[PDB]
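Chemist: So here's target-v1.cif, just mmCIF, C-alpha atoms and all ligand atoms:
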```
data_my_file
#
loop_
_atom_site.group_PDB
_atom_site.id
_atom_site.type_symbol
_atom_site.label_atom_id
_atom_site.label_comp_id
_atom_site.auth_asym_id
_atom_site.auth_seq_id
_atom_site.Cartn_x
_atom_site.Cartn_y
_atom_site.Cartn_z
ATOM 1 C CA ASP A 1 -0.419 15.370 -4.106
ATOM 2 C CA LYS A 2 -2.360 14.892 -7.352
ATOM 3 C CA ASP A 3 -0.453 14.149 -10.549
ATOM 4 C CA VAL A 4 1.194 11.255 -12.406
ATOM 5 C CA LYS A 5 4.777 12.250 -13.084
ATOM 6 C CA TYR A 6 5.815 8.900 -14.619
ATOM 7 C CA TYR A 7 9.039 8.120 -12.786
ATOM 8 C CA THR A 8 11.766 5.538 -13.427
ATOM 9 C CA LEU A 9 12.631 2.747 -10.954
ATOM 10 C CA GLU A 10 16.000 4.438 -10.342
ATOM 11 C CA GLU A 11 14.210 7.696 -9.472
ATOM 12 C CA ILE A 12 12.005 5.943 -6.891
ATOM 13 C CA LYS A 13 15.173 4.260 -5.534
ATOM 14 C CA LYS A 14 16.663 7.809 -5.241
ATOM 15 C CA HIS A 15 13.980 9.399 -3.001
ATOM 16 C CA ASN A 16 14.634 7.140 0.042
ATOM 17 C CA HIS A 17 16.102 9.853 2.310
ATOM 18 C CA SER A 18 13.515 11.282 4.753
ATOM 19 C CA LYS A 19 12.038 14.343 2.991
ATOM 20 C CA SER A 20 11.090 12.226 -0.069
ATOM 21 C CA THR A 21 9.897 8.930 1.555
ATOM 22 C CA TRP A 22 8.440 7.312 -1.558
ATOM 23 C CA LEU A 23 7.404 3.702 -2.157
ATOM 24 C CA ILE A 24 5.808 1.451 -4.797
ATOM 25 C CA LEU A 25 2.326 0.248 -3.830
ATOM 26 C CA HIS A 26 0.836 -1.671 -6.780
ATOM 27 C CA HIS A 27 2.858 -0.428 -9.831
ATOM 28 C CA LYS A 28 2.380 3.174 -8.633
ATOM 29 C CA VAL A 29 4.639 5.761 -7.011
ATOM 30 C CA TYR A 30 3.471 7.175 -3.707
ATOM 31 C CA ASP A 31 4.967 9.850 -1.453
ATOM 32 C CA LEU A 32 4.102 9.740 2.222
ATOM 33 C CA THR A 33 6.886 12.133 3.302
ATOM 34 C CA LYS A 34 4.384 14.645 4.717
ATOM 35 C CA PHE A 35 2.389 11.633 5.924
ATOM 36 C CA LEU A 36 5.255 9.915 7.758
ATOM 37 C CA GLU A 37 4.387 11.423 11.143
ATOM 38 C CA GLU A 38 0.824 12.106 9.868
ATOM 39 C CA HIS A 39 0.255 8.286 9.492
ATOM 40 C CA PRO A 40 -1.900 6.671 12.190
ATOM 41 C CA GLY A 41 0.460 3.865 13.226
ATOM 42 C CA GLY A 42 4.112 4.727 12.638
ATOM 43 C CA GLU A 43 6.512 6.378 10.141
ATOM 44 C CA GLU A 44 9.543 4.071 10.139
ATOM 45 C CA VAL A 45 7.371 1.437 8.528
ATOM 46 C CA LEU A 46 7.062 3.760 5.577
ATOM 47 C CA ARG A 47 10.928 3.849 5.542
ATOM 48 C CA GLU A 48 11.342 0.035 5.786
ATOM 49 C CA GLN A 49 9.869 -0.151 2.262
ATOM 50 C CA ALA A 50 11.031 3.294 1.091
ATOM 51 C CA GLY A 51 11.577 3.399 -2.683
ATOM 52 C CA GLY A 52 10.534 -0.292 -2.496
ATOM 53 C CA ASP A 53 7.518 -2.623 -2.546
ATOM 54 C CA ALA A 54 5.510 -1.916 0.610
ATOM 55 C CA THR A 55 2.534 -3.753 -0.955
ATOM 56 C CA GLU A 56 3.334 -6.836 1.140
ATOM 57 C CA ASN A 57 2.673 -4.716 4.274
ATOM 58 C CA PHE A 58 -0.282 -2.721 2.916
ATOM 59 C CA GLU A 59 -2.008 -6.095 2.156
ATOM 60 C CA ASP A 60 -0.698 -8.061 5.209
ATOM 61 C CA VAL A 61 -2.638 -5.571 7.274
ATOM 62 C CA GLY A 62 -5.466 -5.275 4.788
ATOM 63 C CA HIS A 63 -5.775 -1.519 5.241
ATOM 64 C CA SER A 64 -8.983 0.416 5.858
ATOM 65 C CA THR A 65 -10.810 2.423 3.185
ATOM 66 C CA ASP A 66 -9.799 5.854 4.607
ATOM 67 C CA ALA A 67 -6.236 4.717 3.932
ATOM 68 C CA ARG A 68 -7.140 3.564 0.436
ATOM 69 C CA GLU A 69 -8.184 7.298 0.003
ATOM 70 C CA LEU A 70 -4.990 9.057 1.136
ATOM 71 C CA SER A 71 -3.300 6.719 -1.437
ATOM 72 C CA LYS A 72 -5.079 8.796 -4.087
ATOM 73 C CA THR A 73 -3.543 12.023 -2.663
ATOM 74 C CA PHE A 74 -0.117 10.361 -2.164
ATOM 75 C CA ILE A 75 0.473 9.300 -5.750
ATOM 76 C CA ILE A 76 3.141 11.552 -7.272
ATOM 77 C CA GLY A 77 3.842 9.363 -10.327
ATOM 78 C CA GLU A 78 3.583 5.890 -11.788
ATOM 79 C CA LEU A 79 6.120 3.268 -12.875
ATOM 80 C CA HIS A 80 7.335 4.243 -16.377
ATOM 81 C CA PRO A 81 5.268 2.725 -19.196
ATOM 82 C CA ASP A 82 8.467 1.335 -20.811
ATOM 83 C CA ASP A 83 9.089 -0.333 -17.404
ATOM 84 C CA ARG A 84 5.570 -1.544 -16.436
ATOM 85 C CA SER A 85 5.314 -4.606 -18.725
ATOM 86 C CA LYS A 86 8.907 -5.090 -19.905
ATOM 87 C CA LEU A 87 11.751 -3.743 -17.729
ATOM 88 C CA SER A 88 14.173 -5.091 -20.357
ATOM 89 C CA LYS A 89 15.490 -2.753 -23.082
ATOM 90 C CA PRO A 90 18.677 -0.748 -23.884
ATOM 91 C CA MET A 91 18.876 3.068 -24.083
ATOM 92 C CA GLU A 92 21.241 4.087 -26.944
ATOM 93 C CA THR A 93 22.359 7.714 -27.425
ATOM 94 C CA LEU A 94 23.091 9.601 -30.668
HETATM 95 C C1 LIG A 101 -1.038 4.794 0.703
HETATM 96 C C2 LIG A 101 -0.244 4.731 1.792
HETATM 97 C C3 LIG A 101 -0.809 4.577 3.190
HETATM 98 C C4 LIG A 101 -1.851 5.285 3.740
HETATM 99 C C5 LIG A 101 -2.672 6.371 3.108
HETATM 100 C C6 LIG A 101 -2.063 4.744 5.061
HETATM 101 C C7 LIG A 101 -3.080 5.168 5.919
HETATM 102 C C8 LIG A 101 -3.398 4.487 7.098
HETATM 103 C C9 LIG A 101 -4.590 4.725 7.886
HETATM 104 C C10 LIG A 101 -5.641 5.782 7.615
HETATM 105 C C11 LIG A 101 -4.632 3.739 8.850
HETATM 106 C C12 LIG A 101 -5.728 3.458 9.857
HETATM 107 C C13 LIG A 101 -5.339 3.876 11.284
HETATM 108 C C14 LIG A 101 -5.844 2.962 12.400
HETATM 109 O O1 LIG A 101 -6.130 1.778 12.114
HETATM 110 O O2 LIG A 101 -5.898 3.465 13.542
HETATM 111 C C15 LIG A 101 -3.395 3.001 8.762
HETATM 112 C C16 LIG A 101 -3.000 2.021 9.671
HETATM 113 C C17 LIG A 101 -1.781 1.345 9.598
HETATM 114 N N1 LIG A 101 -0.850 1.381 8.607
HETATM 115 FE FE1 LIG A 101 -0.987 2.583 6.959
HETATM 116 N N2 LIG A 101 -1.128 3.761 5.268
HETATM 117 C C18 LIG A 101 -0.317 3.646 4.169
HETATM 118 C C19 LIG A 101 0.776 2.816 3.970
HETATM 119 C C20 LIG A 101 1.272 1.966 4.949
HETATM 120 C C21 LIG A 101 2.414 1.107 4.759
HETATM 121 C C22 LIG A 101 3.146 0.887 3.459
HETATM 122 C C23 LIG A 101 2.632 0.481 5.966
HETATM 123 C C24 LIG A 101 3.715 -0.543 6.256
HETATM 124 C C25 LIG A 101 4.941 -0.524 5.680
HETATM 125 C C26 LIG A 101 1.547 0.814 6.860
HETATM 126 C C27 LIG A 101 1.328 0.262 8.127
HETATM 127 C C28 LIG A 101 0.194 0.549 8.898
HETATM 128 C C29 LIG A 101 -0.059 -0.010 10.203
HETATM 129 C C30 LIG A 101 0.869 -0.942 10.939
HETATM 130 C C31 LIG A 101 -1.265 0.493 10.640
HETATM 131 C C32 LIG A 101 -1.900 0.306 12.000
HETATM 132 C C33 LIG A 101 -3.048 -0.708 12.010
HETATM 133 C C34 LIG A 101 -2.552 -2.137 11.807
HETATM 134 O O3 LIG A 101 -2.047 -2.418 10.699
HETATM 135 O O4 LIG A 101 -2.684 -2.927 12.767
HETATM 136 N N3 LIG A 101 0.776 1.739 6.206
HETATM 137 N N4 LIG A 101 -2.731 3.438 7.662
#
```
Can you turn what I pasted into structure tokens?
Ligand code: HEM

Modeler:
Amino acid sequence: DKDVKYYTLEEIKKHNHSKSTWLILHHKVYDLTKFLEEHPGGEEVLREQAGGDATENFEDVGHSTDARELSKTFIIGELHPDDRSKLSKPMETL
């Protein structure tokens, strides 16, 4: 999974189902849906932080390098650039 489709926080918080198990690991949007059962450890752990900050876990365990790699193929997007260093503005329409 190799692209950066800049997604909005709402979007990430709208993929927490089962076939879109996303999460935010270091201001980045990952997708481990096809990795849920393909993850050496569990799957439900990726759901406990689905569309949410699993970074606490990722670091608590202090993951191996081979895992740091699948991260690169699990990114599907990044936190919007209007929402990386602000997260505080209106929208306005017409
Ligand atoms: C980029 C996303 C992730 C990738 C690519 C990934 C990949 C891996 C790999 C390759 C291992 C090593 C297997 C072993 O030690 O036998 C591992 C272990 C593990 N992972 Fe992940 N992982 C990811 C995210 C997560 C997250 C967010 C959680 C928790 C919510 C988690 C919890 C664990 C646990 C519990 C283990 C077993 C070893 C231990 O921590 O004692 N992983 N992971």

Chemist: Check what the PyMOL selection byres (((chain A and resi 4) around 8) and not hetatm) selects in the file above and give those residues as number ranges by chain.

Modeler: A: 2-3, 5-6, 75-78

Chemist: With 3 Å of padding per side, what axis-aligned box (centre and edge lengths, Å, one decimal) covers all the listed atoms of region 51-58 of chain A? Give it as JSON.

Modeler:
```
{"center_x": 5.6, "center_y": -1.7, "center_z": 0.8, "size_x": 17.9, "size_y": 16.2, "size_z": 13.0}
```

Chemist: Restrict the calculation to all atoms listed in the file, then for each residue of chain A with any atom at most 10 Å from an atom of ligand LIG 101 (chain A) give the closest atom pair and their distance in Å to one decimal, rows by chain and rising residue number, as CSV.

Modeler:
```
residue,atom,partner,partner_atom,distance
A:22,CA,A:LIG101,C2,9.7
A:23,CA,A:LIG101,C22,7.6
A:24,CA,A:LIG101,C22,8.7
A:25,CA,A:LIG101,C1,7.2
A:29,CA,A:LIG101,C1,9.6
A:30,CA,A:LIG101,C1,6.7
A:31,CA,A:LIG101,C2,8.0
A:32,CA,A:LIG101,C2,6.6
A:35,CA,A:LIG101,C5,7.8
A:36,CA,A:LIG101,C18,9.1
A:38,CA,A:LIG101,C7,8.9
A:39,CA,A:LIG101,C8,5.8
A:40,CA,A:LIG101,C13,4.5
A:41,CA,A:LIG101,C32,4.4
A:42,CA,A:LIG101,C30,6.7
A:43,CA,A:LIG101,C26,8.1
A:44,CA,A:LIG101,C25,7.9
A:45,CA,A:LIG101,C25,4.2
A:46,CA,A:LIG101,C25,4.8
A:47,CA,A:LIG101,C25,7.4
A:48,CA,A:LIG101,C25,6.4
A:49,CA,A:LIG101,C25,6.0
A:50,CA,A:LIG101,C25,8.5
A:52,CA,A:LIG101,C22,9.6
A:53,CA,A:LIG101,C22,8.2
A:54,CA,A:LIG101,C22,4.6
A:55,CA,A:LIG101,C22,6.4
A:56,CA,A:LIG101,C25,7.9
A:57,CA,A:LIG101,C24,4.7
A:58,CA,A:LIG101,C22,5.0
A:59,CA,A:LIG101,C22,8.8
A:60,CA,A:LIG101,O3,8.0
A:61,CA,A:LIG101,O3,4.7
A:62,CA,A:LIG101,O3,7.4
A:63,CA,A:LIG101,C15,6.2
A:64,CA,A:LIG101,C12,6.0
A:65,CA,A:LIG101,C10,7.6
A:66,CA,A:LIG101,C10,5.1
A:67,CA,A:LIG101,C7,3.8
A:68,CA,A:LIG101,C5,5.9
A:69,CA,A:LIG101,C5,6.4
A:70,CA,A:LIG101,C5,4.1
A:71,CA,A:LIG101,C1,3.7
A:72,CA,A:LIG101,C1,7.4
A:73,CA,A:LIG101,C5,8.1
A:74,CA,A:LIG101,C1,6.3
A:75,CA,A:LIG101,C1,8.0
```

Chemist: What is the CA of residue 14 (chain A)-CA of residue 80 (chain A) distance in Å, reported with one decimal?

Modeler: 15.0 Å

Chemist: Rounded to one decimal place, report the CA of residue 16 (chain A)-CA of residue 88 (chain A) distance in Å.

Modeler: 23.8 Å

Chemist: If you measure from CA of residue 21 (chain A) to CA of residue 85 (chain A), what distance in Å do you get, rounded to one decimal?

Modeler: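 These atoms are spaced 24.8 Å apart.
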
Chemist: From the set A:9, A:51, A:37, A:20, which residue has the shortest atom-to-atom contact distance to residue 83 (chain A), counting all atoms listed in the file?

Modeler: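 So, comparing all the options, the nearest one is A:9.
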
Chemist: Considering only C-alpha atoms, state which residue in the set A:93, A:86, A:79, A:26 is at the smallest distance from residue 13 (chain A).

Modeler: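 Of the candidates, the smallest distance to residue 13 (chain A) is held by A:79.
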